[PDB]
Amino acid sequence: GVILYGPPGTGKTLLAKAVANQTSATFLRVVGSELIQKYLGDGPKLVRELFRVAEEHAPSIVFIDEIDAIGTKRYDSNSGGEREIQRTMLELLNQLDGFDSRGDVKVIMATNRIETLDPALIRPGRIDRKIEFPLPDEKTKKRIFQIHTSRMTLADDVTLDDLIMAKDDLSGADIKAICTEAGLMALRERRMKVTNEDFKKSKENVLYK
Amino acid sequence: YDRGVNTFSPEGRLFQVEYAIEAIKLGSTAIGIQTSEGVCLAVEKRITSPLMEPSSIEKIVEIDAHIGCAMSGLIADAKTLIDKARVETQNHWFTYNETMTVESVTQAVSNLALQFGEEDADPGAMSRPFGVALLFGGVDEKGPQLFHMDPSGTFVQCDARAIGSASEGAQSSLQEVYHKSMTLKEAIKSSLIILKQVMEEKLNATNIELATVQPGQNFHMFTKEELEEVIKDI
Amino acid sequence: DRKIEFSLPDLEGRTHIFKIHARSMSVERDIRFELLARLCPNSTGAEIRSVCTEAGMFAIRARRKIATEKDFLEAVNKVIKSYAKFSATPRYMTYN
Amino acid sequence: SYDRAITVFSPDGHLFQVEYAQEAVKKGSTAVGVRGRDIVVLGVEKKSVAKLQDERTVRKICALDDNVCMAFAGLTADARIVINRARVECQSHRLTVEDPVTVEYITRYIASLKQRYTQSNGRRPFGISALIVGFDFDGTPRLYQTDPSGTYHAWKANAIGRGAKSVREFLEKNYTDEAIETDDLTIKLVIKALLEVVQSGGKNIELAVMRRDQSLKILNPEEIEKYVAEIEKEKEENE
Amino acid sequence: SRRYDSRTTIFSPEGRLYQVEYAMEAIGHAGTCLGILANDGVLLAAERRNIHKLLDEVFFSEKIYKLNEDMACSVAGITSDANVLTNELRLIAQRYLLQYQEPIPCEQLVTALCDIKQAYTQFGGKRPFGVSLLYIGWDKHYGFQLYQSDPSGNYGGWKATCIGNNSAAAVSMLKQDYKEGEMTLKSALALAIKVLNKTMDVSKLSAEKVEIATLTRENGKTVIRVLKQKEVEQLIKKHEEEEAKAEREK
Amino acid sequence: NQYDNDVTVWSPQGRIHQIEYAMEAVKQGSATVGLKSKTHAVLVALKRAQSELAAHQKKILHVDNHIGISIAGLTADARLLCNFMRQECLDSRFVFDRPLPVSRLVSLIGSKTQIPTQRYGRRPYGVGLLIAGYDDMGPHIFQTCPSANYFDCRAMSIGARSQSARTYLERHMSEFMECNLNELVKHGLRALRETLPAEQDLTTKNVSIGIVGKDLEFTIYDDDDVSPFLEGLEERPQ
Amino acid sequence: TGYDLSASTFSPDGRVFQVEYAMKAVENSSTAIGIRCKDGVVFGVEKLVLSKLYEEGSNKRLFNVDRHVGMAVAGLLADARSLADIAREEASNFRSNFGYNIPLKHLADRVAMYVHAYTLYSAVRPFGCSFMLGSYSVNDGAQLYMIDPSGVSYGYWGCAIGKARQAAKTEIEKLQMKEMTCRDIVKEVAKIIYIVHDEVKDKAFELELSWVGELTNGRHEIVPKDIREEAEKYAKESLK
Amino acid sequence: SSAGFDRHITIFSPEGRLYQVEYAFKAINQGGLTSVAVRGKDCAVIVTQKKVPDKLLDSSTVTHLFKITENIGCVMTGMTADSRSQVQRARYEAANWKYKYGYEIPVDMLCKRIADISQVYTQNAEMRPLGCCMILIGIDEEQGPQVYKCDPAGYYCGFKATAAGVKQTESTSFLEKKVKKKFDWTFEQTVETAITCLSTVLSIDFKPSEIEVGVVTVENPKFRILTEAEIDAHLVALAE
Amino acid sequence: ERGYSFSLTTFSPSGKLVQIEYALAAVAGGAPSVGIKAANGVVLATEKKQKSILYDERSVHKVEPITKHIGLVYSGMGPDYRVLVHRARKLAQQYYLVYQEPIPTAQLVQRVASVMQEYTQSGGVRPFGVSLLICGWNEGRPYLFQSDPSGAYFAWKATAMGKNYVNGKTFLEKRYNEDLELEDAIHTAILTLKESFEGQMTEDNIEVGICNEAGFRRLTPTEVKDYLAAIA
Ligand SMILES: Nc1ncnc2c1ncn2[C@@H]1O[C@H](COP(=O)(O)OP(=O)(O)OP(=O)(O)O)[C@@H](O)[C@H]1O
Ligand SMILES: [Mg+2]
């Protein structure tokens, strides 16, 4: 198994998408939040069904995304209390390595709060590789600005070195946010070229509110 | 899921003391042998980087003119125990004017082990029991004496002791090469054989340390010049 | 009627688990597993299985065909000491 | 009188608070220290200045005496109190035994204080790791490294703070007798080591050099430029 | 007794500690003040929070306190704790004058108070202090000085600083528009007015909604002044006029 | 089970569990026997050791000329109590110039060890003292327990697998009223021989004997002059 | 739940649970009776024979707190001993402070307040023994008092504590105790003890009797051996 | 309604309440007794009931009335031990006031000091707030008789006629209806009203061995306990 | 014995003191009260209402004079108000014993707020449950102050605290001004206390105190009866 953890918005889902892209096996996706339900004895049914259909097809890849959502929020529609969540977790925890031969299925899961979930869930034999995703560095920030402005018709007046030092610890998603917002605000006036003052107001719009 | 530091287990043993007993297994090995001729102590160092200064890290440290100590487990805290040992010996010499047996010093120290008390007094050496295991070697009027002391507060005289991470194997192998007609040189040689056999890395004249005490002279330890004599003569 | 209990392996347990989970390996013929048993004080059968796997992966990483002692030492250095902040056993020996 | 135990043994034999303090130190700014036959050099990086700070109130290198210097990684709240206690001890030393204080003595004193702070009640462990550099009497310049758990060592060269593994791996494969043959050689070695770490594009390095003669000699923002330029020229000619 | 404890001193598995973090999140809101220094005289601007129509408006000061003949400080956070700290440092300075018969340097006073503050997060099991405050002064060793404090205990010397709710924008815009050693007590004020304008969402910069304090050096006075409300509105309209000219020009 | 974490709490059945746990800890030690004749008291202890090349742990301690004790439990608390015993006996001798009678001392011990079982966050003392002494009223045998409770006895045995020895003592109870030291000690050893499995027994390196009497001060015999007592003993029937 | 942990928290229905647990701890002791006569009082204790090794006279459950006041206890022995010691110390302190034997109505109150101090704070636990005090004075008559863990002191013509409190007090009340002097009371007590604790529950036990009144110059002490011999011989006939 | 430790210690609930005090008030009713106090034109009267379930109990030592001072009397409701502790505290405080100031304590100040002492308990997190309620009657010069009441939460007040116990509400209703008559009051009227109020609330038609009465008058301020004979006289004269 | 030695009020994940807020919510449910001042003196009005006719309303008071010229009233919890009044009395005596001069009101308020705040950082306690209104007349200019369980203090021209206090604030805004008389002040205060008064208003259910540049006094029932008359 593989779990990917780190601060928010640094490309966990993106790497998942790319892996789905190149691969040849069937890819099954489900978000952790809708594992919970509104009746008794339903969550376990859902998990049994999911893994059954997964092994029904072929060598396949399952993606479980934002697991921590089950273990941090409470919703009134949930008829049971916090014990049914425990029941669901026991079922999922058995699916990976229970009394019966697994077959040919891989598992990939990701979260950004790894200090809340049950350590019994992570023991080797149910998940082996844990990969951590740190914040971008100045070299990577330069590469990121280079990538996200490919097909942009931009004027040489701008200096990216200003925006590299724009924030103390800006994350990866702020990059694409800045690019798209500035593009929108220049296209406001039916124009094709983007100037520097445009970024000067765009970063302020997106970073401060 | 939270209990005080003074709780008894459903089978009668304490909690903190058992955990410390399990914790002294993370330290380096150490072997001590007592012979009517004298007492010898040997220890490893676990050098990790070539920028180490091997002479900076030491294990055997003298307590007086005729008492030596070998330590295993954690190290940072043992300094307090060694200090109290030395101060007690000098206080006894000042008050009464003679030299003390290693046994009296051993129990005088051991009475200090069980003191952690969450409530009551002013600052105490509270919080936790100490995590070190000690070998005491001395020469008194009744010949050479070797004692072993443990985090629980129990001390006992032994003939061939091995403490540390690789304690079991050393103890198992040591029984078949000891008897009462032992001599110093062959004792040191056998000890070196055992250490090199259970070592992790390679053996040289800087990865180990020895010390010996005989009734004649005082506590004396070898340097990098007389240490390789037995290495080449293995 | 019976309350069989399974505890963490002692020492013959560790060397013997190594013998079992590594007997299908293409590795060096002159390495000793007892040192490997000594290097991991309280660990489960799972960790031994994962150590075998990760040493094989270190050998396949570069180019080699058969693994050696350095692979095992590095694998132990990483799956035992580097991952140890995601371990159950410090909170499942007080039985909760 | 808040009296309650804090650091308690774990079921398998660890001191979890000490592990947490070490993991806290492992996320501070990077510091490096090396010694030579006459001059000992220690430097720090990643200043991250916003051109509105007065450098005299942000510097993390302070002098315990006229012959001892500190560098540290961790959190900056506790450094001043540790340093102040150390200075008080140094001064109190001279009033008794006349001779100036040795560096190893101060290392033992600090280590013992930090350790005994883990046995009391209602006191969390300290979260700093420091390098103590000094040229004692008899001319034997030396550095010592301190740990939060309270274990001290005598080294030849160290790097603490963020990214210690890379800087070390650089050091053991590039430190030889010839590298410390000359003073400019040693300064070049340290500048090269720090440059192979966190970016710090020239303007984010602070160095300090002892020539075994007198007190602190902080180099102005001039020799850094010349050293960087000649390092670049040597790199260009070598390849 | 242990079943009811909260542990306001332990570390965390991730390395940091949570009490000061929560204190910082709370200190983030509730108030706005900033300080600027470029030449002889230093300025503090504070946005008033209690501005209802039913206030007596007395004591001459609500967030500006004298500490010595040349020491003044603002504050943000919980007010009562601020009273505690100000009273505590007052006799610190008085005892320094008692001991040495000489006005105290600023940095020593700041360091002493920071030690007092940090002692609470080292041990004792109490909640920390939720106060962030500034310091301005003059001394013979280094002339004019400005300083910022932090509930954790760390401090530093600065030239332009904001602590208010929208301090981020204040820092960004002070970064891009400043002059080294030229902004006398005539040009910095307009910049401060416009900065405060951008910080507060309410426009027109109500005269009663802001307060300004200035420190100047004099041979035997060391003048500390708080200019009245008959001279703020002229500054506001002067800024409005220059901005109107710049607006119409482009 | 939350009723099992501190001394102060009371279980619904009215049994504090800490004291039960301490008793259980006392049952962990090695066996030991004690008994009295008309004018002599004898206590016998069987030792233990870990590896064949380590010395045996000692059990019997010397308190005062007319008072000896035997210990089962963990040793640190044992020393902590013995120091108190020495201190009090010396104080009584210094002030009133007379041996301290055994019962008054035992009452002092009970009152002393009762205090921790009532405050908050204080553990009990884990020891199983057996007190043997001689006073103006003759011999005395007493037993204490971690629950700050003591009993007066004429023949008692404590430690792991002490039950069979207690049954043997109960069977041959009467004859202690006419025997002398020679056969008294032999009876004590016969009693102790039952608490061992079917492979190993007494070898003179695992036995320690303490005797006090009307005209003999409290004496300890161990590992040397013990052979005179042991020899002449009939073998275990099988 | 969790309302029964400490002795500082009220249950929702409005009562403290730890004290109730303590009283249930008392209700497993053996048994003790004390009754007042014309000119004195008589205690009576039955001591179970746990095993043959112990001696007679061991672990006395009757304590003579002062030269003229007797005490009988039921519960945990250690707590009983500690309370006995504090009562004795209080009596001596009072004699030294003022200079005459303390009356009951004051000594019982002092012990009761000291006990009640152990049911408020969470740093201590409540006691686990319930006891009886008796005495006689020539100028004051015969006094009997009973005290429980909660801290209540009451006066009785005659009472009983232990397992079979109800069964015993059934036959306590039949006797006409208002007049007949306590020389024939002793036979009644032996009879009333031998009619409880059937042989099925246990085989054998022993009996203790105490004595106080002007019949012995007001002092408090133990009964002679021949008297209890005669009383036991008499009570042997009541089984018919 | 609650979260955390509002149900275990005296800390504020999210809605502004606090429960560890509200529980003591219902802890009051555990004994199962009731008392009534009336203030007349120049007299003050208190009536209480006593219950003796068995003959073995000495009927002369269950009085709930206590004599604080030669001019001030108190009556008790609730648990027993806490009651005794509070009584002793009051006696000690009055004696200290006399030592310090040299003249008698007015009733109001004494009640204030005892209630203030109670108030600290509901401020910290170690103690229990003492579930037992207090009634005081006295005479003050230039003010006539005065009647005051003190509760566990610390709220003291001076009334004209009060009742404490299980049946507080209906008794207060009856007293209100009666006092609305707006007429003069004499000793016989006060005693008759106080008796008949409790009599009709419980509907017993009792005997002179079940009720205790305390009075004070402005002719002889010494608080006194009525003898059974004159109690019988009042009782039979009431029934026309 | 021994206390607990660790504070029970700690910062929440959003950085909000929970306990002091709950204390304020409890304060809001107390008896209403209002306070006014206009150029010649200060007036405090508050409402009291016993549950039944048996209570002797002549035995307790709400308005308590600290000294001859300082007045105090409260809104909220019952008992601890007395503790605070006692502490204020003590502080007044302590100050007068140094400078031989009556305390200015501002200093008294500062000290009282100091105590109230200090009480929330100590060990094993919970804060008070009261809101205080302080009035005084020193150096000609009258003064009014209002404290708070958090310890912050303000100066108000006229305010209202208790049930439905927001409506009292709005009404006072729509009526209060800067130049008036003491008598008109009393009338308008009584009127605003009648906004949500009980079933009927009598002379004993309202407590009013005044303080002019001549001193602080509590008004007897006669003048309360007269003022309630010729009103409403
Ligand atoms: N290293 C990177 N290279 C390119 N794009 C990046 C990088 N890091 C972040 N991004 C951009 O940031 C966006 C946010 O990443 P993503 O949506 O995968 O978030 P995430 O890491 O799963 O976190 P979260 O749980 O907060 O959604 C990506 O769509 C991508 O455009
Ligand atoms: Mg995502």
# chains A, B, ... in the order shown; residues from 1 in each chain; ligands from 1

call {"tool": "residues_near_ligand", "arguments": {"ligand": "ligand 1", "cutoff": "9 Å", "atoms": "only C-alpha atoms and all ligand atoms", "output": "short mmCIF file (atom, residue, chain, number, x, y, z; two decimals) with N, CA, C and O atoms, in the first residue's frame"}}
result
data_model
loop_
_atom_site.label_atom_id
_atom_site.label_comp_id
_atom_site.auth_asym_id
_atom_site.auth_seq_id
_atom_site.Cartn_x
_atom_site.Cartn_y
_atom_site.Cartn_z
N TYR A 5 0.94 11.91 2.36
CA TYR A 5 0.49 12.89 3.33
C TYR A 5 1.35 14.14 3.27
O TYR A 5 2.52 14.10 2.90
N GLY A 6 0.76 15.27 3.68
CA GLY A 6 1.44 16.54 3.70
C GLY A 6 0.47 17.70 3.78
O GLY A 6 -0.74 17.53 3.78
N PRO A 7 1.00 18.92 3.84
CA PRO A 7 0.16 20.11 3.93
C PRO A 7 -0.78 20.22 2.74
O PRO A 7 -0.61 19.51 1.75
N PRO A 8 -1.81 21.07 2.82
CA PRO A 8 -2.85 21.08 1.79
C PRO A 8 -2.40 21.71 0.48
O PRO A 8 -1.62 22.66 0.45
N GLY A 9 -2.97 21.19 -0.61
CA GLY A 9 -2.72 21.78 -1.91
C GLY A 9 -1.30 21.72 -2.42
O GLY A 9 -0.75 22.74 -2.81
N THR A 10 -0.68 20.54 -2.38
CA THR A 10 0.65 20.36 -2.95
C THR A 10 0.72 19.18 -3.91
O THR A 10 1.79 18.61 -4.10
N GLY A 11 -0.39 18.77 -4.49
CA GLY A 11 -0.38 17.87 -5.61
C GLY A 11 -0.56 16.40 -5.32
O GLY A 11 -0.16 15.59 -6.14
N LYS A 12 -1.16 16.04 -4.19
CA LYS A 12 -1.48 14.64 -3.97
C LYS A 12 -2.47 14.14 -5.01
O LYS A 12 -2.22 13.15 -5.72
N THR A 13 -3.58 14.85 -5.17
CA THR A 13 -4.57 14.44 -6.15
C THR A 13 -4.00 14.49 -7.55
O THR A 13 -4.38 13.68 -8.40
N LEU A 14 -3.09 15.43 -7.81
CA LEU A 14 -2.53 15.56 -9.15
C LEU A 14 -1.72 14.33 -9.52
O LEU A 14 -1.84 13.80 -10.64
N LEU A 15 -0.87 13.87 -8.61
CA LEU A 15 -0.11 12.67 -8.90
C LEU A 15 -1.05 11.50 -9.08
O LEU A 15 -0.82 10.63 -9.92
N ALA A 16 -2.13 11.46 -8.30
CA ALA A 16 -3.10 10.40 -8.52
C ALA A 16 -3.66 10.44 -9.94
O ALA A 16 -3.76 9.41 -10.61
N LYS A 17 -4.01 11.63 -10.42
CA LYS A 17 -4.57 11.74 -11.76
C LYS A 17 -3.58 11.25 -12.80
O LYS A 17 -3.95 10.51 -13.72
N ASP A 65 -9.82 8.74 -0.90
CA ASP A 65 -9.32 10.10 -0.88
C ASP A 65 -9.91 10.85 0.30
O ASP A 65 -11.12 10.77 0.55
N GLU A 66 -9.07 11.58 1.02
CA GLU A 66 -9.44 12.27 2.24
C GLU A 66 -10.12 11.32 3.22
O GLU A 66 -11.32 11.40 3.48
N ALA A 110 -4.90 8.91 0.56
CA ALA A 110 -4.22 10.17 0.82
C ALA A 110 -4.99 11.03 1.81
O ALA A 110 -6.21 11.00 1.85
N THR A 111 -4.26 11.83 2.57
CA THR A 111 -4.84 12.71 3.58
C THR A 111 -3.85 13.78 3.99
O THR A 111 -2.65 13.66 3.75
N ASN A 112 -4.36 14.80 4.65
CA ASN A 112 -3.53 15.89 5.13
C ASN A 112 -3.63 16.08 6.63
O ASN A 112 -3.19 17.11 7.14
N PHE A 133 4.82 14.97 1.39
CA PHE A 133 4.88 15.99 0.34
C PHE A 133 5.18 17.36 0.92
O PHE A 133 4.27 18.02 1.44
N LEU A 135 6.62 21.53 1.13
CA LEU A 135 6.29 22.75 0.42
C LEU A 135 7.29 23.03 -0.71
O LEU A 135 8.41 22.52 -0.70
N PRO A 136 6.90 23.83 -1.70
CA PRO A 136 7.80 24.11 -2.82
C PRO A 136 8.95 25.01 -2.42
O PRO A 136 8.82 25.92 -1.60
N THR A 140 11.90 24.98 -7.40
CA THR A 140 10.63 24.44 -7.85
C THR A 140 9.61 25.53 -8.11
O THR A 140 8.80 25.40 -9.02
N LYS A 141 9.63 26.61 -7.34
CA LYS A 141 8.70 27.71 -7.63
C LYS A 141 8.99 28.29 -9.01
O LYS A 141 8.06 28.61 -9.77
N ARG A 143 10.30 26.66 -11.53
CA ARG A 143 9.79 25.70 -12.52
C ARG A 143 8.28 25.77 -12.63
O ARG A 143 7.72 25.60 -13.72
N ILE A 144 7.59 26.03 -11.52
CA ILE A 144 6.13 26.04 -11.55
C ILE A 144 5.62 27.23 -12.33
O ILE A 144 4.72 27.10 -13.17
N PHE A 145 6.13 28.43 -12.02
CA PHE A 145 5.76 29.56 -12.86
C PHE A 145 6.09 29.31 -14.31
O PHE A 145 5.37 29.79 -15.19
N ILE A 147 5.91 26.44 -15.88
CA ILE A 147 4.96 25.51 -16.48
C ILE A 147 3.60 26.16 -16.68
O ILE A 147 3.01 26.08 -17.75
N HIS A 148 3.10 26.83 -15.66
CA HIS A 148 1.70 27.24 -15.73
C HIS A 148 1.45 28.44 -16.63
O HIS A 148 0.30 28.88 -16.73
N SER A 171 2.06 28.25 -1.37
CA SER A 171 1.97 26.85 -1.77
C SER A 171 1.77 26.76 -3.27
O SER A 171 1.69 27.76 -3.98
N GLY A 172 1.67 25.53 -3.77
CA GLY A 172 1.58 25.33 -5.20
C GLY A 172 0.29 25.87 -5.80
O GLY A 172 0.30 26.43 -6.90
N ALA A 173 -0.83 25.69 -5.11
CA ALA A 173 -2.10 26.11 -5.68
C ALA A 173 -2.20 27.62 -5.83
O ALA A 173 -2.92 28.10 -6.71
N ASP A 174 -1.51 28.39 -4.98
CA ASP A 174 -1.52 29.83 -5.15
C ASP A 174 -0.97 30.23 -6.51
O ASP A 174 -1.39 31.25 -7.07
N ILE A 175 -0.08 29.42 -7.08
CA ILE A 175 0.46 29.72 -8.40
C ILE A 175 -0.65 29.71 -9.44
O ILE A 175 -0.87 30.70 -10.15
N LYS A 176 -1.35 28.59 -9.54
CA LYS A 176 -2.38 28.51 -10.57
C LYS A 176 -3.49 29.49 -10.28
O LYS A 176 -4.08 30.05 -11.22
N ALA A 177 -3.76 29.75 -9.01
CA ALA A 177 -4.75 30.77 -8.69
C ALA A 177 -4.33 32.12 -9.25
O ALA A 177 -5.13 32.81 -9.90
#

call {"tool": "interface_residues", "arguments": {"of": "chain E", "to": "chain D", "cutoff": "6 Å", "atoms": "only C-alpha atoms", "output": "compact mmCIF listing (two decimals) with N, CA, C and O atoms, in the first residue's frame"}}
result
# COMPACT_ATOMS: atom_id res chain seq x y z
N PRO E 13 3.24 15.91 19.23
CA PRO E 13 3.96 14.94 18.39
C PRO E 13 4.60 15.57 17.18
O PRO E 13 5.62 15.07 16.69
N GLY E 15 5.94 18.54 17.08
CA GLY E 15 7.06 19.38 17.42
C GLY E 15 6.69 20.70 18.03
O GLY E 15 7.37 21.18 18.94
N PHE E 123 7.17 26.72 32.54
CA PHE E 123 6.65 25.84 33.58
C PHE E 123 5.66 26.61 34.42
O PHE E 123 5.64 27.84 34.42
N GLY E 124 4.85 25.88 35.18
CA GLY E 124 3.89 26.46 36.10
C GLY E 124 2.45 26.08 35.85
O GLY E 124 1.64 26.15 36.78
N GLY E 153 7.50 35.46 23.32
CA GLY E 153 8.60 36.05 24.06
C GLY E 153 9.67 36.67 23.17
O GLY E 153 10.55 37.38 23.66
N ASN E 154 9.60 36.41 21.87
CA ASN E 154 10.60 36.90 20.94
C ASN E 154 10.28 38.32 20.49
O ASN E 154 9.13 38.74 20.45
N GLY E 156 12.25 42.07 18.31
CA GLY E 156 13.15 42.49 17.25
C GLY E 156 13.02 43.97 16.99
O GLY E 156 12.02 44.61 17.32
N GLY E 157 14.08 44.52 16.39
CA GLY E 157 14.10 45.91 15.99
C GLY E 157 13.64 46.07 14.54
O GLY E 157 14.06 45.33 13.66
N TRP E 158 12.79 47.07 14.32
CA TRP E 158 12.13 47.24 13.04
C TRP E 158 12.05 48.72 12.70
O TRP E 158 12.27 49.59 13.55
N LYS E 159 11.75 49.01 11.44
CA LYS E 159 11.48 50.38 11.00
C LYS E 159 10.01 50.65 10.73
O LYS E 159 9.53 51.74 11.06

call {"tool": "residues_around", "arguments": {"residues": "residue E:82", "least_positions_apart": "4", "cutoff": "10 Å", "atoms": "only C-alpha atoms", "output": "PDB file with N, CA, C and O atoms, in the first residue's frame"}}
result
ATOM      1  N   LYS E  63      -5.181  53.639  24.283  1.00  0.00           N
ATOM      2  CA  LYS E  63      -4.230  52.589  23.948  1.00  0.00           C
ATOM      3  C   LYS E  63      -2.794  53.091  23.951  1.00  0.00           C
ATOM      4  O   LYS E  63      -1.902  52.366  23.495  1.00  0.00           O
ATOM      5  N   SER E  74       1.925  51.023  22.682  1.00  0.00           N
ATOM      6  CA  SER E  74       0.561  50.656  22.355  1.00  0.00           C
ATOM      7  C   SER E  74       0.359  49.188  22.704  1.00  0.00           C
ATOM      8  O   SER E  74       1.234  48.550  23.290  1.00  0.00           O
ATOM      9  N   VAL E  75      -0.793  48.630  22.338  1.00  0.00           N
ATOM     10  CA  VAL E  75      -1.090  47.258  22.724  1.00  0.00           C
ATOM     11  C   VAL E  75      -2.256  46.716  21.912  1.00  0.00           C
ATOM     12  O   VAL E  75      -3.127  47.472  21.474  1.00  0.00           O
ATOM     13  N   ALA E  76      -2.284  45.403  21.705  1.00  0.00           N
ATOM     14  CA  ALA E  76      -3.415  44.743  21.078  1.00  0.00           C
ATOM     15  C   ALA E  76      -3.635  43.401  21.751  1.00  0.00           C
ATOM     16  O   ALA E  76      -2.675  42.727  22.146  1.00  0.00           O
ATOM     17  N   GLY E  77      -4.908  43.031  21.891  1.00  0.00           N
ATOM     18  CA  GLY E  77      -5.297  41.800  22.547  1.00  0.00           C
ATOM     19  C   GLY E  77      -6.273  42.021  23.685  1.00  0.00           C
ATOM     20  O   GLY E  77      -7.178  42.851  23.581  1.00  0.00           O
ATOM     21  N   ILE E  78      -6.101  41.280  24.774  1.00  0.00           N
ATOM     22  CA  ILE E  78      -6.980  41.392  25.932  1.00  0.00           C
ATOM     23  C   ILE E  78      -6.503  42.541  26.806  1.00  0.00           C
ATOM     24  O   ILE E  78      -5.338  42.585  27.214  1.00  0.00           O
ATOM     25  N   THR E  86       1.697  46.530  31.881  1.00  0.00           N
ATOM     26  CA  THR E  86       2.188  47.898  31.974  1.00  0.00           C
ATOM     27  C   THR E  86       2.554  48.231  33.406  1.00  0.00           C
ATOM     28  O   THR E  86       3.626  48.795  33.676  1.00  0.00           O
ATOM     29  N   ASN E  87       1.679  47.872  34.349  1.00  0.00           N
ATOM     30  CA  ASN E  87       1.997  48.123  35.746  1.00  0.00           C
ATOM     31  C   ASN E  87       3.274  47.395  36.134  1.00  0.00           C
ATOM     32  O   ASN E  87       4.110  47.937  36.865  1.00  0.00           O
ATOM     33  N   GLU E  88       3.456  46.175  35.633  1.00  0.00           N
ATOM     34  CA  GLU E  88       4.646  45.417  36.000  1.00  0.00           C
ATOM     35  C   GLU E  88       5.920  46.103  35.527  1.00  0.00           C
ATOM     36  O   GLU E  88       6.893  46.203  36.280  1.00  0.00           O
ATOM     37  N   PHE E 129      -0.031  34.679  28.167  1.00  0.00           N
ATOM     38  CA  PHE E 129      -0.507  36.053  28.059  1.00  0.00           C
ATOM     39  C   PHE E 129      -0.884  36.376  26.623  1.00  0.00           C
ATOM     40  O   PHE E 129      -0.075  36.196  25.710  1.00  0.00           O
ATOM     41  N   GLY E 130      -2.097  36.872  26.425  1.00  0.00           N
ATOM     42  CA  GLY E 130      -2.528  37.231  25.091  1.00  0.00           C
ATOM     43  C   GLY E 130      -2.362  38.695  24.745  1.00  0.00           C
ATOM     44  O   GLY E 130      -3.355  39.392  24.528  1.00  0.00           O
ATOM     45  N   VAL E 131      -1.130  39.183  24.683  1.00  0.00           N
ATOM     46  CA  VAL E 131      -0.877  40.598  24.440  1.00  0.00           C
ATOM     47  C   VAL E 131       0.270  40.751  23.455  1.00  0.00           C
ATOM     48  O   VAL E 131       1.311  40.108  23.608  1.00  0.00           O
ATOM     49  N   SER E 132       0.089  41.605  22.447  1.00  0.00           N
ATOM     50  CA  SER E 132       1.180  41.986  21.554  1.00  0.00           C
ATOM     51  C   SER E 132       1.283  43.502  21.551  1.00  0.00           C
ATOM     52  O   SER E 132       0.296  44.188  21.270  1.00  0.00           O
ATOM     53  N   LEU E 133       2.464  44.029  21.860  1.00  0.00           N
ATOM     54  CA  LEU E 133       2.608  45.459  22.081  1.00  0.00           C
ATOM     55  C   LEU E 133       3.892  45.974  21.448  1.00  0.00           C
ATOM     56  O   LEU E 133       4.827  45.216  21.191  1.00  0.00           O
TER      57      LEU E 133
END
